[PDB]
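Enquirer: Pasting a structure below so you can have a look.
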Amino acid sequence: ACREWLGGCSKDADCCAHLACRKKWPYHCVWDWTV
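Just add 805 to the spot in the sequence shown (first one is 1) and you have this note's numbering.
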């Protein structure tokens, strides 16, 4: 289980993939190349 882009991230291991748990709000995983 993981969250995709723009979804509440419980993990900072890019939740799903190619992502990153946005730590600067909104905390919901953003694209790794935009974080």
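Where is the CB? At the ideal position from N, CA and C, for every residue including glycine.
DSSP puts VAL840 in a beta bridge; with which residues?
Expert: Counted from its first residue, the sequence shown places residue 840 at position 35. None, per the DSSP bridge assignment.
Enquirer: Would you report the Cα separation of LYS829 and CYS821, rounded to the nearest angstrom?
Expert: Translated into positions along the sequence shown, residue 829 becomes position 24. Translated into positions along the sequence shown, residue 821 becomes position 16. If you take the alpha carbons of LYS829 and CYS821, they lie about 18 angstroms apart.
Enquirer: So, at 8 angstroms on beta carbons, what are the nonlocal neighbours of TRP836 in its own chain, with the 5 sequence-adjacent residues on each side left out?
Expert: Counted from its first residue, the sequence shown places residue 836 at position 31. These residues qualify, in order along the chain: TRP810, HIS823, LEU824 and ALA825.
Enquirer: On the DSSP bridge list, what partners appear for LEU824?
Expert: Here residue 824 is taken as the residue at index 19 of the sequence shown, counted from 1. Paired residues: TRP836.
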